[PDB]
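For reference, the structure is listed below as structure tokens.
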Amino acid sequence: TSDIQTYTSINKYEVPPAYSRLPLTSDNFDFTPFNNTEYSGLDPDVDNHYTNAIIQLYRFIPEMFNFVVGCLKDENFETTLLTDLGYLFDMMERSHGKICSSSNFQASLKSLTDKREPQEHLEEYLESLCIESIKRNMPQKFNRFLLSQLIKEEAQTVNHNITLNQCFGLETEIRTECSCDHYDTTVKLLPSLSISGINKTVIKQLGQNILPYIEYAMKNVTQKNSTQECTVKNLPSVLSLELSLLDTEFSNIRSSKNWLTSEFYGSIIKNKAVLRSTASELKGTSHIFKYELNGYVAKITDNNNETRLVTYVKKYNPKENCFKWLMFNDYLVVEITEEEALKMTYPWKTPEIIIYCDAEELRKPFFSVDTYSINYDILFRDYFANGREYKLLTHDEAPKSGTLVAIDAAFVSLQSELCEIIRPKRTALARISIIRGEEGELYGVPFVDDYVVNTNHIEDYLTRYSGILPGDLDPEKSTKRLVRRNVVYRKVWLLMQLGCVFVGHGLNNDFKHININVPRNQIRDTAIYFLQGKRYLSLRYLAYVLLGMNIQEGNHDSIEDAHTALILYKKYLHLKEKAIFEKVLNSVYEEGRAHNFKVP
RNA sequence: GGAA
């Protein structure tokens, strides 16, 4: 970590190590030399880590954040992309700097884009997932696709919302003229601008800033024969810009000092829109709209000709009136100054996506889902997409802050290592089972035993270790009970929300594949308790040398593994109440040598 | 060497 958080160099050509390529986390990885703030980063071990820069861009828009997280009160399993983004957004705030992964988001996105002119985005975005790491015009093409899919799903949710259109909606009126006696208009609500192919130059020094480029994209006359004039008469809350220029324009844009205007005032006077720096040069006839830059995504062309995206973010501080600027690499997060955040002089920096937010609207605080009324009906309700020894929970069993539950999950392997670029990427969740941990009549009996549906191709079920047979096909199911993934995730998320305490064997690597982060006070992992330096003790072994159980033979079963993980934690509490915490534990060292940690 |  030789100055890995250094984001500034003595010259303009040497890229700082803060923008360098980060080593992949392969699970025994220290993140303290990469993030000193309470703002989380993203695991680059995904199919396409260029989107990670864009999710971090939207996480810091109060309107974009509070809505997507707000949709978590109601249960909207049909909108796969909006709710998985809400799980991801809520995960980043709860981690307070801890690492986060967007595997569920990219998996829901890859399955959504694989549902194949309404298809122009699918063949383009789906091709980048499989995969000069990133090409040109790809981040902007995903920025258009992400907002177009969220708003399309923003309607199909419960209690239909139009919040994203009141923030991103551009009333784009575009008219085409056949002849001088005929003119036809079309009205389309666009979520983002497109500063693409700007082959028009006027007197510039009146160089200049970005403001004329936004004015051109808001009202321009185009000539294309298969004349045309498109103009927007709306100044929405957040302005999502997608720069698509030429290298001759990008070379001449890094010379104009302070081109990326931090804050500006704009209003609609004529049929077009006017944008000037301060309110003094504004006419003042209409009502003024102050816009501040909320963040942007830049492309970094490394000295080794490596391409990767980073995210710049400004977040307001309600305590004292200032602005904390942040630079988001994959998992490298640094609190940088604004002067360094706006400087475009570096040739290895190319702005890709820029967002502008309303001044008074950016100061709005970020509201978590905990301040809302959440609907926990999925726990007590049986949701089966099919046609069972557990018993569903009753309202007398209302989980509160401190309820004990035993959880054990089973996964499958979709893809191999594919190294030599070295990144084991694919692993899919197949089954979880949560057990009642509270003592009483309904003790040790499960309440949800769901199999996660999966339509993707499976490489190996790992049946000897997962107990999963090829009955995971939705129609042709061996059908323990096949339930979707967005529903079974909500059961785990709500228990963590309420404050339930999870017990089990190896919960850290289970939640990683589940793609959720549960705090320490809610995790009781028997592997960390019955720990002897390295060489984590086997669950079949602890259930033999500490208990009289000959288990984990034939095919594994999460119901059996979670039940024995619950009594093992109960036997741990027995040995802890009396001062025998070491005698039984130090003796299992020596007894394991004579048996070589295996016995029939 | 565990979970898979």
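We name chains A, B, ... following the order of the structure tokens; residues begin at 1 in each chain, and ligands are numbered from 1 as shown.
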What's around segment 45-58 of chain A at 8 Å? Count only C-alpha atoms (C1' of nucleotides), leave out sequence neighbours fewer than 6 positions away in its own chain, and write the answer as an mmCIF file with C-alpha atoms, in the first residue's frame.
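Below you can see part_22.cif, which holds the result:
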data_model
loop_
_atom_site.group_PDB
_atom_site.id
_atom_site.type_symbol
_atom_site.label_atom_id
_atom_site.label_comp_id
_atom_site.auth_asym_id
_atom_site.auth_seq_id
_atom_site.Cartn_x
_atom_site.Cartn_y
_atom_site.Cartn_z
ATOM 1 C CA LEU A 24 -9.026 -8.474 -7.119
ATOM 2 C CA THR A 25 -10.258 -9.690 -3.733
ATOM 3 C CA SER A 26 -10.550 -13.339 -4.924
ATOM 4 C CA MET A 64 -32.811 9.032 -6.545
ATOM 5 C CA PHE A 65 -31.723 7.433 -3.259
ATOM 6 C CA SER A 102 -23.686 -5.902 -6.536
ATOM 7 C CA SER A 103 -23.825 -9.512 -7.742
ATOM 8 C CA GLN A 106 -25.931 -7.669 -12.088
ATOM 9 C CA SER A 128 -20.746 -5.951 -22.604
ATOM 10 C CA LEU A 129 -21.565 -8.208 -19.639
ATOM 11 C CA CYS A 130 -19.800 -11.210 -21.171
ATOM 12 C CA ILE A 131 -16.924 -9.047 -22.477
ATOM 13 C CA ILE A 134 -14.573 -0.967 -21.512
ATOM 14 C CA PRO A 139 -21.338 3.938 -19.969
ATOM 15 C CA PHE A 142 -26.099 1.933 -19.903
ATOM 16 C CA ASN A 143 -27.072 5.242 -18.280
ATOM 17 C CA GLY A 295 -21.201 14.204 -9.308
ATOM 18 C CA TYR A 296 -19.858 12.683 -12.482
ATOM 19 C CA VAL A 297 -18.264 9.530 -13.889
ATOM 20 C CA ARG A 308 -11.712 1.861 -16.107
ATOM 21 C CA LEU A 309 -14.301 4.216 -14.660
ATOM 22 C CA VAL A 310 -14.251 6.240 -11.441
ATOM 23 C CA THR A 311 -17.003 8.224 -9.736
ATOM 24 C CA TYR A 312 -16.807 11.742 -8.320
ATOM 25 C CA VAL A 313 -19.413 12.631 -5.697
ATOM 26 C CA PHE A 328 -15.005 6.192 -5.835
ATOM 27 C CA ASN A 329 -12.808 3.566 -7.434
ATOM 28 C CA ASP A 330 -13.940 -0.070 -7.176
ATOM 29 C CA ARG A 423 -11.640 -13.843 -12.027
ATOM 30 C CA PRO A 424 -13.891 -16.626 -10.699
ATOM 31 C CA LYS A 425 -17.195 -14.896 -11.406
#
DSSP strand (DSSP E) selection over segment 235-435 of chain A, as a PyMOL selection string: chain A and resi 238-244+263-267+274-276+289-301+307-316+323-328+333-336+349-358+404-412+428-435
Could you save the residues just selected, with C-alpha atoms, as a PDB file, in the first residue's frame?
ATOM      1  CA  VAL A 238     -31.754  16.234 -11.773  1.00  0.00           C
ATOM      2  CA  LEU A 239     -30.019  16.655 -15.151  1.00  0.00           C
ATOM      3  CA  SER A 240     -28.340  13.447 -16.340  1.00  0.00           C
ATOM      4  CA  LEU A 241     -25.846  14.265 -19.110  1.00  0.00           C
ATOM      5  CA  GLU A 242     -24.082  11.741 -21.366  1.00  0.00           C
ATOM      6  CA  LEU A 243     -21.026  13.179 -23.115  1.00  0.00           C
ATOM      7  CA  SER A 244     -20.263  11.512 -26.463  1.00  0.00           C
ATOM      8  CA  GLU A 263     -22.846  25.584  -9.984  1.00  0.00           C
ATOM      9  CA  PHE A 264     -24.890  27.702 -12.385  1.00  0.00           C
ATOM     10  CA  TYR A 265     -28.294  29.359 -12.684  1.00  0.00           C
ATOM     11  CA  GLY A 266     -30.697  28.639 -15.523  1.00  0.00           C
ATOM     12  CA  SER A 267     -34.268  29.396 -16.513  1.00  0.00           C
ATOM     13  CA  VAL A 274     -30.634  29.876 -21.117  1.00  0.00           C
ATOM     14  CA  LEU A 275     -27.770  29.013 -18.762  1.00  0.00           C
ATOM     15  CA  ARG A 276     -25.362  31.532 -17.235  1.00  0.00           C
ATOM     16  CA  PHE A 289     -33.442  27.462 -10.880  1.00  0.00           C
ATOM     17  CA  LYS A 290     -30.038  27.037  -9.224  1.00  0.00           C
ATOM     18  CA  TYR A 291     -28.243  23.853 -10.311  1.00  0.00           C
ATOM     19  CA  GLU A 292     -25.202  22.390  -8.549  1.00  0.00           C
ATOM     20  CA  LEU A 293     -23.059  19.508  -9.792  1.00  0.00           C
ATOM     21  CA  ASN A 294     -23.900  16.399  -7.771  1.00  0.00           C
ATOM     22  CA  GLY A 295     -21.201  14.204  -9.308  1.00  0.00           C
ATOM     23  CA  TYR A 296     -19.858  12.683 -12.482  1.00  0.00           C
ATOM     24  CA  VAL A 297     -18.264   9.530 -13.889  1.00  0.00           C
ATOM     25  CA  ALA A 298     -14.924   9.857 -15.688  1.00  0.00           C
ATOM     26  CA  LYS A 299     -13.014   7.359 -17.817  1.00  0.00           C
ATOM     27  CA  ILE A 300      -9.426   6.656 -16.734  1.00  0.00           C
ATOM     28  CA  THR A 301      -6.979   5.611 -19.464  1.00  0.00           C
ATOM     29  CA  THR A 307      -9.535   1.588 -19.214  1.00  0.00           C
ATOM     30  CA  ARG A 308     -11.712   1.861 -16.107  1.00  0.00           C
ATOM     31  CA  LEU A 309     -14.301   4.216 -14.660  1.00  0.00           C
ATOM     32  CA  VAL A 310     -14.251   6.240 -11.441  1.00  0.00           C
ATOM     33  CA  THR A 311     -17.003   8.224  -9.736  1.00  0.00           C
ATOM     34  CA  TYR A 312     -16.807  11.742  -8.320  1.00  0.00           C
ATOM     35  CA  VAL A 313     -19.413  12.631  -5.697  1.00  0.00           C
ATOM     36  CA  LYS A 314     -20.310  15.733  -3.683  1.00  0.00           C
ATOM     37  CA  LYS A 315     -22.371  15.190  -0.525  1.00  0.00           C
ATOM     38  CA  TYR A 316     -23.831  17.969   1.613  1.00  0.00           C
ATOM     39  CA  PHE A 323     -19.295  20.032   0.732  1.00  0.00           C
ATOM     40  CA  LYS A 324     -17.382  16.773   1.137  1.00  0.00           C
ATOM     41  CA  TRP A 325     -16.053  15.512  -2.201  1.00  0.00           C
ATOM     42  CA  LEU A 326     -15.407  11.802  -2.732  1.00  0.00           C
ATOM     43  CA  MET A 327     -13.691   9.747  -5.435  1.00  0.00           C
ATOM     44  CA  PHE A 328     -15.005   6.192  -5.835  1.00  0.00           C
ATOM     45  CA  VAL A 333     -12.676   5.600  -1.513  1.00  0.00           C
ATOM     46  CA  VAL A 334     -10.946   8.892  -0.691  1.00  0.00           C
ATOM     47  CA  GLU A 335     -12.231  12.255   0.555  1.00  0.00           C
ATOM     48  CA  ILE A 336     -10.672  14.626  -1.954  1.00  0.00           C
ATOM     49  CA  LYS A 349      -9.413  11.774 -17.580  1.00  0.00           C
ATOM     50  CA  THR A 350     -12.438  11.815 -19.901  1.00  0.00           C
ATOM     51  CA  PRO A 351     -15.878  12.808 -18.539  1.00  0.00           C
ATOM     52  CA  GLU A 352     -18.510  10.214 -19.450  1.00  0.00           C
ATOM     53  CA  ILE A 353     -21.665  10.956 -17.421  1.00  0.00           C
ATOM     54  CA  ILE A 354     -22.445  14.171 -15.524  1.00  0.00           C
ATOM     55  CA  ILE A 355     -25.393  14.834 -13.208  1.00  0.00           C
ATOM     56  CA  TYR A 356     -26.653  18.241 -12.076  1.00  0.00           C
ATOM     57  CA  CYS A 357     -29.072  18.536  -9.154  1.00  0.00           C
ATOM     58  CA  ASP A 358     -31.179  21.427  -7.894  1.00  0.00           C
ATOM     59  CA  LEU A 404     -32.618 -16.047  17.410  1.00  0.00           C
ATOM     60  CA  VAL A 405     -32.745 -17.846  14.058  1.00  0.00           C
ATOM     61  CA  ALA A 406     -30.597 -20.618  12.567  1.00  0.00           C
ATOM     62  CA  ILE A 407     -29.757 -20.156   8.882  1.00  0.00           C
ATOM     63  CA  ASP A 408     -27.939 -22.423   6.425  1.00  0.00           C
ATOM     64  CA  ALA A 409     -27.758 -21.806   2.677  1.00  0.00           C
ATOM     65  CA  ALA A 410     -26.857 -23.998  -0.297  1.00  0.00           C
ATOM     66  CA  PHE A 411     -25.321 -22.764  -3.554  1.00  0.00           C
ATOM     67  CA  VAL A 412     -24.334 -24.096  -6.982  1.00  0.00           C
ATOM     68  CA  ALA A 428     -25.691 -19.078  -7.696  1.00  0.00           C
ATOM     69  CA  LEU A 429     -27.806 -19.455  -4.563  1.00  0.00           C
ATOM     70  CA  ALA A 430     -30.116 -22.471  -4.627  1.00  0.00           C
ATOM     71  CA  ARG A 431     -31.633 -22.952  -1.168  1.00  0.00           C
ATOM     72  CA  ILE A 432     -31.827 -21.354   2.270  1.00  0.00           C
ATOM     73  CA  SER A 433     -33.635 -22.501   5.411  1.00  0.00           C
ATOM     74  CA  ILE A 434     -34.234 -20.501   8.601  1.00  0.00           C
ATOM     75  CA  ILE A 435     -34.979 -22.259  11.903  1.00  0.00           C
TER      76      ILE A 435
END
Pick the closest to residue 2 of chain B from A:82, A:588, A:531, A:566: which is it, counting only C-alpha atoms (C1' of nucleotides)?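 Closest to residue 2 of chain B, using only C-alpha atoms (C1' of nucleotides): A:531.
For residue 125 of chain A, the non-local neighbours within 8 Å, defined as residues at least 2 positions apart in the same chain or in other chains and counting only C-alpha atoms (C1' of nucleotides), are residues 113, 121, 122, 123, 127, 128, 129, 138, 141 and 142 of chain A.
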With only C-alpha atoms (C1' of nucleotides) as the counted atoms, please give the residues lying no more than 9 Å from residue 3 of chain B, apart from itself and same-chain residues fewer than 5 positions off, as a ChimeraX atom specification. /A:505-506,509-510,536,538-539
With C-alpha atoms kept, could you save the residues just selected as a PDB file, in the first residue's frame?
ATOM      1  CA  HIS A 505     -21.810 -22.481  10.626  1.00  0.00           C
ATOM      2  CA  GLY A 506     -19.929 -20.225   8.223  1.00  0.00           C
ATOM      3  CA  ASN A 509     -19.308 -16.754   3.209  1.00  0.00           C
ATOM      4  CA  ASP A 510     -23.031 -17.584   3.192  1.00  0.00           C
ATOM      5  CA  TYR A 536     -11.852 -24.407  10.741  1.00  0.00           C
ATOM      6  CA  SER A 538     -15.860 -29.447  10.158  1.00  0.00           C
ATOM      7  CA  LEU A 539     -19.563 -29.324  10.983  1.00  0.00           C
TER       8      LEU A 539
END
Please return as a VMD selection string: the residues of segment 482-540 of chain A that backbone DSSP assigns to helix (DSSP H, G or I). chain A and resid 485 to 498 508 to 514 520 to 522 526 to 529 539 to 540
Would you mind exporting N, CA and C atoms of the selected residues as an mmCIF file, in the first residue's frame?
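again.cif was written with the following content:
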data_model
loop_
_atom_site.group_PDB
_atom_site.id
_atom_site.type_symbol
_atom_site.label_atom_id
_atom_site.label_comp_id
_atom_site.auth_asym_id
_atom_site.auth_seq_id
_atom_site.Cartn_x
_atom_site.Cartn_y
_atom_site.Cartn_z
ATOM 1 N N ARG A 485 -36.187 -15.575 -6.245
ATOM 2 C CA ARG A 485 -35.050 -15.066 -5.486
ATOM 3 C C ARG A 485 -35.349 -13.732 -4.816
ATOM 4 N N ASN A 486 -36.143 -12.876 -5.467
ATOM 5 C CA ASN A 486 -36.489 -11.587 -4.873
ATOM 6 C C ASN A 486 -37.363 -11.754 -3.639
ATOM 7 N N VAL A 487 -38.156 -12.824 -3.586
ATOM 8 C CA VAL A 487 -38.995 -13.073 -2.419
ATOM 9 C C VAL A 487 -38.176 -13.658 -1.276
ATOM 10 N N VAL A 488 -37.296 -14.619 -1.571
ATOM 11 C CA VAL A 488 -36.549 -15.274 -0.502
ATOM 12 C C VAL A 488 -35.494 -14.336 0.071
ATOM 13 N N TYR A 489 -35.028 -13.370 -0.725
ATOM 14 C CA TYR A 489 -34.123 -12.349 -0.206
ATOM 15 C C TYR A 489 -34.834 -11.432 0.781
ATOM 16 N N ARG A 490 -36.107 -11.125 0.525
ATOM 17 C CA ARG A 490 -36.833 -10.230 1.417
ATOM 18 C C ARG A 490 -36.986 -10.829 2.807
ATOM 19 N N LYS A 491 -37.106 -12.155 2.899
ATOM 20 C CA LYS A 491 -37.211 -12.791 4.207
ATOM 21 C C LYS A 491 -35.942 -12.579 5.023
ATOM 22 N N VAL A 492 -34.775 -12.729 4.394
ATOM 23 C CA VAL A 492 -33.517 -12.495 5.099
ATOM 24 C C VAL A 492 -33.347 -11.016 5.413
ATOM 25 N N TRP A 493 -33.709 -10.147 4.466
ATOM 26 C CA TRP A 493 -33.526 -8.713 4.663
ATOM 27 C C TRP A 493 -34.398 -8.180 5.793
ATOM 28 N N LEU A 494 -35.631 -8.679 5.910
ATOM 29 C CA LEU A 494 -36.522 -8.181 6.953
ATOM 30 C C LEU A 494 -36.045 -8.598 8.337
ATOM 31 N N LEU A 495 -35.505 -9.813 8.465
ATOM 32 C CA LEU A 495 -34.999 -10.256 9.759
ATOM 33 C C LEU A 495 -33.809 -9.415 10.197
ATOM 34 N N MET A 496 -32.916 -9.089 9.261
ATOM 35 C CA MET A 496 -31.823 -8.173 9.566
ATOM 36 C C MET A 496 -32.345 -6.775 9.881
ATOM 37 N N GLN A 497 -33.411 -6.353 9.196
ATOM 38 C CA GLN A 497 -34.016 -5.052 9.467
ATOM 39 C C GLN A 497 -34.578 -4.993 10.882
ATOM 40 N N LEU A 498 -35.308 -6.034 11.289
ATOM 41 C CA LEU A 498 -35.917 -6.056 12.614
ATOM 42 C C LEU A 498 -34.889 -6.214 13.726
ATOM 43 N N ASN A 508 -20.383 -15.892 7.216
ATOM 44 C CA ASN A 508 -19.760 -14.816 6.453
ATOM 45 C C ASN A 508 -19.738 -15.143 4.966
ATOM 46 N N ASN A 509 -19.305 -16.353 4.610
ATOM 47 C CA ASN A 509 -19.308 -16.754 3.209
ATOM 48 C C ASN A 509 -20.697 -17.136 2.714
ATOM 49 N N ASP A 510 -21.651 -17.371 3.619
ATOM 50 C CA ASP A 510 -23.031 -17.584 3.192
ATOM 51 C C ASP A 510 -23.680 -16.271 2.777
ATOM 52 N N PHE A 511 -23.559 -15.240 3.616
ATOM 53 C CA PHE A 511 -24.150 -13.945 3.294
ATOM 54 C C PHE A 511 -23.494 -13.305 2.079
ATOM 55 N N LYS A 512 -22.222 -13.618 1.817
ATOM 56 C CA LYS A 512 -21.564 -13.086 0.629
ATOM 57 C C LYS A 512 -22.241 -13.586 -0.641
ATOM 58 N N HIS A 513 -22.554 -14.883 -0.701
ATOM 59 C CA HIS A 513 -23.255 -15.420 -1.862
ATOM 60 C C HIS A 513 -24.730 -15.044 -1.847
ATOM 61 N N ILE A 514 -25.300 -14.834 -0.657
ATOM 62 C CA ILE A 514 -26.650 -14.297 -0.547
ATOM 63 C C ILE A 514 -26.675 -12.825 -0.946
ATOM 64 N N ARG A 520 -22.245 -7.430 13.233
ATOM 65 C CA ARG A 520 -21.618 -8.431 14.091
ATOM 66 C C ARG A 520 -22.561 -8.876 15.200
ATOM 67 N N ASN A 521 -23.307 -7.935 15.786
ATOM 68 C CA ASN A 521 -24.218 -8.255 16.879
ATOM 69 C C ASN A 521 -25.359 -9.171 16.458
ATOM 70 N N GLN A 522 -25.544 -9.399 15.160
ATOM 71 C CA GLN A 522 -26.614 -10.254 14.669
ATOM 72 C C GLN A 522 -26.093 -11.548 14.058
ATOM 73 N N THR A 526 -20.699 -20.371 14.738
ATOM 74 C CA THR A 526 -20.060 -21.393 15.559
ATOM 75 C C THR A 526 -18.628 -21.678 15.123
ATOM 76 N N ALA A 527 -18.269 -21.344 13.880
ATOM 77 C CA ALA A 527 -16.895 -21.533 13.432
ATOM 78 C C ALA A 527 -15.935 -20.592 14.147
ATOM 79 N N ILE A 528 -16.385 -19.379 14.471
ATOM 80 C CA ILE A 528 -15.529 -18.432 15.177
ATOM 81 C C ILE A 528 -15.438 -18.769 16.663
ATOM 82 N N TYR A 529 -16.471 -19.397 17.228
ATOM 83 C CA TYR A 529 -16.430 -19.811 18.628
ATOM 84 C C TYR A 529 -15.545 -21.040 18.819
ATOM 85 N N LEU A 539 -18.269 -29.217 10.316
ATOM 86 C CA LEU A 539 -19.563 -29.324 10.983
ATOM 87 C C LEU A 539 -19.892 -30.775 11.309
ATOM 88 N N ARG A 540 -19.532 -31.701 10.416
ATOM 89 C CA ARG A 540 -19.714 -33.116 10.713
ATOM 90 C C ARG A 540 -18.809 -33.568 11.850
#
